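Read the structure below first, then the notes.
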Amino acid sequence: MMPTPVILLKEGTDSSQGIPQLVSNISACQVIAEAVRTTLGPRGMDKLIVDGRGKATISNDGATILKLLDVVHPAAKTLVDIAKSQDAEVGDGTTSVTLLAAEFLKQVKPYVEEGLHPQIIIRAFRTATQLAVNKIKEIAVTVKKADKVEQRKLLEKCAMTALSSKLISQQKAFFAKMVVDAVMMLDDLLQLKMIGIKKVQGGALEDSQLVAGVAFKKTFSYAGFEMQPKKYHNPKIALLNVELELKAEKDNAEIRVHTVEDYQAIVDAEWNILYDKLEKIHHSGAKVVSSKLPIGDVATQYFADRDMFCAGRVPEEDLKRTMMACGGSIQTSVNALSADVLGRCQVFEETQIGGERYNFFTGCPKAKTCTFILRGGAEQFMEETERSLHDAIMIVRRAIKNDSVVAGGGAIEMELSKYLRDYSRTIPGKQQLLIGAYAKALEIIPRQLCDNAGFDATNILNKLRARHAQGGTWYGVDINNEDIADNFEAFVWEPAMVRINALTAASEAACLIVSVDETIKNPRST
Amino acid sequence: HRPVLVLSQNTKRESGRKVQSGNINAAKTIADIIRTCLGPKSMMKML
Amino acid sequence: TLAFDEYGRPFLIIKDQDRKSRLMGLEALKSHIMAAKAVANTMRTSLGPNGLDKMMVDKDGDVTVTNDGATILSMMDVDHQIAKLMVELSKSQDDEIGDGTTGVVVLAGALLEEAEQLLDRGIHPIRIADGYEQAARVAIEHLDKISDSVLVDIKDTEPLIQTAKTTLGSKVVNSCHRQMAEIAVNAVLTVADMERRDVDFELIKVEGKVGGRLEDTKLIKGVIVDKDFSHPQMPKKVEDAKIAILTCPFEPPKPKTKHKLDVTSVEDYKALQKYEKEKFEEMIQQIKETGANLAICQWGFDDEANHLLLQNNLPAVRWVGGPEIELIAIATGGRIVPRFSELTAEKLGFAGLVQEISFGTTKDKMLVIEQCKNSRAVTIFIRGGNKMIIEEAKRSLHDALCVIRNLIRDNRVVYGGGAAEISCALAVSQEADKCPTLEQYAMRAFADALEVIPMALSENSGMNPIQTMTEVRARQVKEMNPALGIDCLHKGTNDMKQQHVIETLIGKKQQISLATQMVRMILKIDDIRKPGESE
Amino acid sequence: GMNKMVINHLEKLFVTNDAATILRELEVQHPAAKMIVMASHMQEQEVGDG
Amino acid sequence: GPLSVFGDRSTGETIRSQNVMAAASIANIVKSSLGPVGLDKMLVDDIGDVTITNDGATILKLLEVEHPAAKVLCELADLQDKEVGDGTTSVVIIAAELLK
Amino acid sequence: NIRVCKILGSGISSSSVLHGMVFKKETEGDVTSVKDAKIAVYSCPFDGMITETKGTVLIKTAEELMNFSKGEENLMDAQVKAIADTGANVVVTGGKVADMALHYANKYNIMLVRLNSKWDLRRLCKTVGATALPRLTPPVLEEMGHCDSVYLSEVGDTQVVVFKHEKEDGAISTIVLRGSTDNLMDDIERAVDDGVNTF
């Protein structure tokens, strides 16, 4: 009843200010965190979310959950945007980052209600963040056994760990070995665009295969492609961007004829031009001819009578991979074809995996790409499998170039809280209530790694506190025995960068929330 | 139609500077009604 | 609370939060298992030789009565995200193997049903899912222990015909129990590639025409198309066919590009009239010079061509479709010729008697080819007294063709009639107690679930499942485990070796593996976020 | 100072403390208040601060 | 499947969270009027009757609450007036914090 | 002459200054590593040239039809060769690239960059010391610019094109800002502008 001037300042704008607005902003962050609280750890559960199309997605990755929640609260969006970054920078840093960032605010929530201006909180968050990050660098371990079985084992252990919290139980040795070896097929850019994953329905997880070469799905064909046998033991591959239709035109020409002699000559010329191109393709050995452009009926029969195979309408993404897989080049014009532009492989066959036809290439020793073929009993089943392969490849790619790893589980988070407590007990004044709050939030990881599957959370956390304060700092939470286990000796390792970036992103998220005092929402929304 | 779980349905609250200055502004507004009914040169009001 | 904060202000997190629903607990898990019971209760009614049929009424009013689970489950209007996955399970089995369209739903349902007690016992939902893997490995390993075959795919096709009889015995075509079993064997073995063990599905075409009876279904060593001779007085019988396959219309050649012929003088007008007449004569004589006596054209004919076809005694048909001229050229050993001027005798097809068949009062004029030369394609011609039995017959022969293909892919077989399922349940039970660390309850639940098949078979066979199961399971232990199953009429004894109940090894291996994986991906869920009303 | 979270008439969220960009998103209609806002543009154009 | 009760049933962490909010919504009323540095409230009913007060008893007697968890704190204040006669502000503040 | 490039990633400590220009386009080719970096910029599309009045091709006989297409290939080859013989390493256009233009770009090992923004083309010419030519690729002798290292890199899961100047540094600067949220990067940019204006 108060803002009732004779002339309004703006229009109809909502505005909140002060302590209830900060509490509301923190509360929104606590609620959105609920979407991932049960997804952490090897015994996390999956979520089923239905979109407006009626299609469900089943997943447990934070980078897929938070994007489907239809968040509108200005503050809750903060914990989503930081997931967008961690998806690129880290990969594993999804559920753990969201939960820690939310806890950073919960620990100070009971204090921000009664004074304690955010200006002092933000400075303490920055101090504690720098302390925690430096501590990781001082404890991470490396190896000196590069280009030996010791590095292969490191990468395999990184892959088997990366495959945790997926729809994977006994297939870790099956997928992990192929992920490590698939990446070693790449050049020294390790560009992920060189690894394809394709889903073929039918069969179990263990029936998947890693193909050194490429394959295409045999798209729209014409009458005559039931012919051309699919048995080749040493084919050459021509990748062309040439039109092989009779109706190919320049779209701007008109052929004006004044006599019958030229009438027939044009009719014959149109057929002769097509045959000229086909004869130039021949005499090359390119028994396999592929193009992104149509290949018409006349060419299909020409190739059949010449004992050649062709297939058109191949997407550019597969032609580029085919070029890199077969070791050749892609030529647009046929007027300059030679043996020096063709690809080569040993086996080219059309198989029937899952009932659908697939044309596989293999046998090229200079294959810079590969394709992993997934088999499964459902669309969603394979879709979740594909996601598990993308993360495992990402962790292995990074582990090859950065061998600095830390203990998994909550082992590092307990040591970080130990270091911060040792710091805080040497600092006088208000900082004791702020550095400690940062440290206390760090236990959300070993807590949730127990709450989602029992393990007597109260006492097993007390054990971690007793052990880390007296002995080693690599102790975490086992899954098989409901007690403490040494993650270092068990080789439960994660790249050091996962936690370093998690601390940075979680700290910045907190500073974005506590630094806001006012929210202004324009009324114009149509 | 499932309602929202609330307390004190259809009530309003105003607190803070909007009240501390609000109530004073209300007193300032009403005070002017008879501002011209003080001195010996007052004018008549027709109500 | 949502839409109300402790300060009296609205509290809005997600768009239209008041129209959402979330319930996690154990209720998401019980809801998933309960919904699966509704699915299992449907398919259990069509299992076994007495399986009952379903009538499916489509959205447009069309009605078809079928037994094939692929046709039953694909026509559902169920708006439940997990029940939809139960349909995908039957699809994966149909695509890979093509047999167990009923079995994988009944088995997967039993695993979900038996799991219900395990949650109530306090066993972690994921530990249940993992426990099924430990038991499933036992059943799979023993499934491959008992297997033998004498099929060579040369002449000793007796067990191959028997396999087709086992599959067809569940369908509505038992009036042709033998006839269709023999058709299916002959259809595949005459086109299958013994070198790679591959069978190309495009080499067996299935056609049909309403009328007659199932007993009139024949296997034709050749192709059947819609015959329509362009000249109505053209003789309808060719004794020795020299077939020209042509993809060019019988009209004067035209360019593909913009032409716009300029005619100025009368000499130009009249001269063109002569030249065009000659084109009609040349295009026909170019066929006769090759010795051809039957032309089959993708395109139509001009009126001028039909007269020339008559005078040159050159029968031909018109507007034969893409896949029809493709199959004809392959079946007859010929090649498709682009143009008239490219015709040569070397590309002609060779075939025997060519005739068209008239059916009753109709004008269908269907092709029959009597003789062929080393054809690698066959056509099945299905008859029947109504539209429904013919469409079901198409699926009945499809299943018979699929299990033949499966034996070609892998010639290892097992004994059916429930013998494999009961034996697996007994094997898992024996190892379920080696060792009862945590998973004792889960491994026993798996063994019990395996029995859902001989129990449902017993119910549909009219037997009490307790009186039947207790006898067979005892007999398989008191003596060296015979291939002892169940049946409705008992046929004397239940020795599967004497009843010749044959099923494929790779079929059951997929049924166990695919059912187990489907159960896992729907147990490990505890949160469903489905939207409600639009506004 | 403290940050504002401002959502403009296009439903775009701007989080800052820089008044030069906050004032550009506040849809002020009062016929006189506009003048003291517009003056801030000449300050930003001339020196870019203050 | 579900209970055939014609109303609305909530279990688990739903009610365990709501009772904390409802209790807080009551303590938030009187927390601002504790001590000589507190400030008074003006309560205006629907028809225009204006009451000035700062005591926890009068305020909570006049203000209507709906959640069953909030009525508990209102009754607590009423008991303090009967047994002691004064101090009726800290019994709501302290009791709400015990729940939190 | 100071630009800001926002790339999502880690916190502010990963920001830096780059002496050159960064674009967020792809190459559409396989010449991504350039060391000699003689840069030719054009305003015409890399697909040939047509008339402005109307244009229509008239054919009267068969020899005129059959040999027509060959003329297009001969012209396109010579047009790309004209700049290949002069040492062209990079060709930058605002328009599209023809399939034959890609054929010849790979033949002569010349990298293509498409910049749809007119201001990006103008700034690039002023940065590298080049003149934009409105016509098809002549044997350009003196209008080419020079960089020290031209390459592509995947930064923050975005592939970018970098024109790096180590010798001719004081031409343009790009300040690359990293952060965990768009809100952080937008606010930091404002701080950058205050510094540029204060100077």
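Quick note, the sequences are listed as chains A, B, C, D, E and F, same order.
Each step along the first sequence adds one to the number in the deposited numbering, with nothing skipped, and position 262 is 262.
Each step along the second sequence adds one to the number in the deposited numbering, with nothing skipped, and position 22 is 25.
Each step along the third sequence adds one to the number in the deposited numbering, with nothing skipped, and position 292 is 295.
Each step along the fourth sequence adds one to the number in the deposited numbering, with nothing skipped, and position 33 is 83.
Each step along the fifth sequence adds one to the number in the deposited numbering, with nothing skipped, and position 17 is 19.
Each step along the sixth sequence adds one to the number in the deposited numbering, with nothing skipped, and position 81 is 281.
Even for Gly, the Cβ is constructed at its ideal location relative to N, Cα and C.
Check: What do you reckon, are the CB atoms on A/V141 and A/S404 nearer than 9 Å?
Finding: On the first sequence, position 141 is the one that residue 141 of chain A refers to. On the first sequence, position 404 is the one that residue 404 of chain A refers to. Contact flag set, yes.
Notebook entry, point to check: Enumerated in chain order, which unbroken segments of the alpha helix (DSSP H) with a length of 4 residues or greater are wholly contained in the segment 229-280 of chain F?
Noted result: Restricting attention to alpha helix (DSSP H) runs no shorter than 4 residues, the segment 229-280 of chain F encloses them at 262-266, ordered along the chain.
Next item on the list: Indicate whether C/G419 and C/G325 have their beta-carbon atoms separated by less than 9 Å.
Entry: Taking the third sequence and counting its residues from 1, one reaches residue 419 of chain C at position 416. Taking the third sequence and counting its residues from 1, one reaches residue 325 of chain C at position 322. No.
Item checked: Range of the contiguous beta strand (DSSP E) that encloses F/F223 -> In the sixth sequence, counting from the first residue as 1, residue 223 of chain F sits at position 23. Unbroken beta strand (DSSP E) run through F/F223: 220-223.
Note to self: As a quick exercise: from C/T471, C/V416, C/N463, pick the residue whose alpha carbon is nearest that of C/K511.
What the structure shows: By 1-based counting over the third sequence, the position of residue 511 of chain C is 508. When each option's Cα is compared against that of C/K511, the closest is C/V416.
Item checked: Residues that DSSP places opposite A/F309 in a beta bridge -> Residue 309 of chain A sits at position 309 when you count from the first residue of the first sequence. According to DSSP, A/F309 bridges with A/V288.
Next item on the list: Please go through the segment 414-499 of chain C and give each complete beta strand (DSSP E) segment of 3 or more residues, from N-terminal end onward.
Entry: 416-418
Item checked: Where E/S27 falls: helix, strand or coil (DSSP) -> By one-based count along the fifth sequence, residue 27 of chain E stands at place 25. Helix, per DSSP.
Next item on the list: May I ask you to report which of helix, strand or coil DSSP gives A/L240?
Entry: Here residue 240 of chain A is taken as the residue at index 240 of the first sequence, counted from 1. It is a strand residue.
Checklist line | Contact set between the segment 369-399 of chain F and chain A, restricted to residues whose Cβ is under 7 Å from the partner | finding: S380, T381, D382, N383, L384
Note to self: Please classify residue 541 of chain C as buried or exposed, where buried requires at least 16 neighbouring CB atoms within 10 angstroms.
What the structure shows: Residue 541 of chain C lies beyond the residue range present for chain C, which begins at 4 and ends at 538; the question has no answer from this structure.
Checklist line | Residues of the segment 80-93 of chain A whose Cβ lies closer than 7 Å to any Cβ of chain F, in chain order | finding: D81, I82, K84, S85, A88, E89
Notebook entry, point to check: E/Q20 CB to nearest chain I CB: under 9 Å?
Noted result: Going by chain labels, chain I is absent from the structure shown, which instead holds the protein chains A, B, C, D, E and F.
Item checked: Run of the beta strand (DSSP E) containing A/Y438, from where it starts to where it stops -> The count along the first sequence starts at 1 and reaches residue 438 of chain A at position 438. Here A/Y438 belongs to no beta strand (DSSP E); instead the alpha helix (DSSP H) covers 432-441.
Check: Of the residues C/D196, C/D271, C/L317, which one's Cα is nearest the Cα of C/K245?
Finding: The count along the third sequence starts at 1 and reaches residue 245 of chain C at position 242. It is C/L317 whose Cα lies nearest to the Cα of C/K245.
Check: To the nearest angstrom, how far is it from the Cα of A/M414 to the Cα of C/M472?
Finding: Within the first sequence, residue 414 of chain A is the residue found at index 414, counting from 1. Within the third sequence, residue 472 of chain C is the residue found at index 469, counting from 1. Taking the straight line from one Cα to the other gives about 57 Å.
Notebook entry, point to check: Cα separation between F/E226 and C/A138?
Noted result: The sequence position of residue 226 of chain F within the sixth sequence is 26, counting from 1. The sequence position of residue 138 of chain C within the third sequence is 135, counting from 1. Going from the Cα of F/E226 to the Cα of C/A138 covers about 53 Å.
Check: Whose Cβ in chain A lies nearer than 7 Å to the Cβ of F/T261?
Finding: The residue given as residue 261 of chain F occupies position 61 in the sixth sequence. Under the 7 Å cutoff, chain A gives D262, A265.
Note to self: One question on the structure: do C/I385 and C/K368 come within less than 9 Å of each other, judged by their Cβ atoms?
What the structure shows: Taking the third sequence and counting its residues from 1, the one referred to as residue 385 of chain C is at position 382. Taking the third sequence and counting its residues from 1, the one referred to as residue 368 of chain C is at position 365. No, they are not a contact pair.
Notebook entry, point to check: Is the shortest distance between the beta-carbon of E/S27 and the beta-carbons of chain B less than 9 Å?
Noted result: By one-based count along the fifth sequence, residue 27 of chain E stands at place 25. With 9 Å as the cut-off, E/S27 counts as an interface residue toward chain B.
Next item on the list: Measure the alpha-carbon distance for A/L244 versus C/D196 and round it to whole angstroms.
Entry: Start at 1 with the first residue of the first sequence, and residue 244 of chain A comes out as number 244. Start at 1 with the first residue of the third sequence, and residue 196 of chain C comes out as number 193. Whole-angstrom Cα-Cα distance: 32 Å.
Next item on the list: Give the residues of chain B in contact with E/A24, contact being defined as C-beta atoms less than 7 Å apart.
Entry: Residue mapping note: residue 24 of chain E aligns to position 22 of the fifth sequence, counting from 1. Under the 7 Å cutoff, chain B gives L10.
Next item on the list: Answer with buried or exposed for B/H4, where buried requires no fewer than 16 other C-beta atoms within 10 angstroms of its C-beta.
Entry: Within the second sequence, numbered from 1, the residue matching residue 4 of chain B stands at position 1. The residue in question, B/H4, is exposed, as its Cβ has fewer than 16 Cβ neighbours within 10 Å.
Next item on the list: Indicate the three-state DSSP secondary structure (helix, strand or coil) for F/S353 in the structure shown.
Entry: Locating residue 353 of chain F in the sixth sequence gives position 153, where the first residue counts as 1. Correct three-state label for F/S353: strand.
Note to self: Can you find the residues in the same chain that come closer than 8 Å, C-beta to C-beta, to C/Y272, ignoring five residues on each side of it along the sequence?
What the structure shows: In the third sequence, residue 272 of chain C corresponds to position 269, counting from 1. Contacts found: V266.
Next item on the list: Report all residues from its chain with a CB closer than 7 Å to the CB of F/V241; omit the five preceding and five following residues, and keep chain order.
Entry: Here residue 241 of chain F refers to the residue found at position 41 when the sixth sequence is read from its first residue. Here the set comprises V292, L321, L324, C325, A330, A332.
Check: How many Å lie between C/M79 and C/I164 at the Cα?
Finding: As a first step, residue 79 of chain C is located in the third sequence; it is residue number 76 there, counting from the start. As a first step, residue 164 of chain C is located in the third sequence; it is residue number 161 there, counting from the start. Whole-angstrom Cα-Cα distance: 34 Å.
Next item on the list: Could you say which of C/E198, C/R478, C/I333, C/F362 lies nearest to C/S378 if we only look at CA atoms?
Entry: On the third sequence, position 375 is the one that residue 378 of chain C refers to. Answer by Cα proximity: C/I333.
Next item on the list: Report yes or no: is there a C-beta of chain F within less than 9 Å of the C-beta of D/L76?
Entry: By 1-based counting over the fourth sequence, the position of residue 76 of chain D is 26. It does not: the Cβ of D/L76 has no partner Cβ on chain F nearer than 9 Å.
Checklist line | Under the three-state DSSP convention, the category C/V194 falls into | finding: As a first step, residue 194 of chain C is located in the third sequence; it is residue number 191 there, counting from the start. Looking at C/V194 - three-state DSSP - the assignment turns out to be coil, as it is neither helix nor strand.
Check: Taking Cβ positions, are F/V355 and F/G209 nearer each other than 9 Å?
Finding: Locating residue 355 of chain F in the sixth sequence gives position 155, where the first residue counts as 1. Locating residue 209 of chain F in the sixth sequence gives position 9, where the first residue counts as 1. Yes.
Next item on the list: Please report the Cβ distance between A/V267 and C/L275, rounded to the nearest whole angstrom; I am assuming they are in contact, meaning their Cβ atoms lie under 8 Å.
Entry: Here residue 267 of chain A is taken as the residue at index 267 of the first sequence, counted from 1. Here residue 275 of chain C is taken as the residue at index 272 of the third sequence, counted from 1. With a Cβ gap of about 14 Å, A/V267 and C/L275 do not count as contacting.
Check: Does the distance from the C-beta atom of A/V211 to that of A/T371 stay below 9 Å?
Finding: The residue given as residue 211 of chain A occupies position 211 in the first sequence. The residue given as residue 371 of chain A occupies position 371 in the first sequence. Yes, Cβ-Cβ distance for A/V211 and A/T371 is below 9 Å.
Check: A/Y232 bridges to which residues according to DSSP?
Finding: Numbered from its first residue, the first sequence carries residue 232 of chain A at position 232. Note: A/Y232 sits in a beta bridge opposite A/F348.
Next item on the list: Pick helix, strand or coil for E/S35, following the three-state DSSP scheme.
Entry: Reading the fifth sequence from its first residue, position 33 is the one you call residue 35 of chain E. Reduced to three states, the DSSP call for E/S35 is helix.
Next item on the list: Express the C-alpha separation of C/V107 and C/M446 in angstroms, rounding to a whole number.
Entry: As a first step, residue 446 of chain C must be located in the third sequence, where it is residue number 443. As a first step, residue 107 of chain C must be located in the third sequence, where it is residue number 104. The C-alpha of C/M446 lies about 19 Å from the C-alpha of C/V107.
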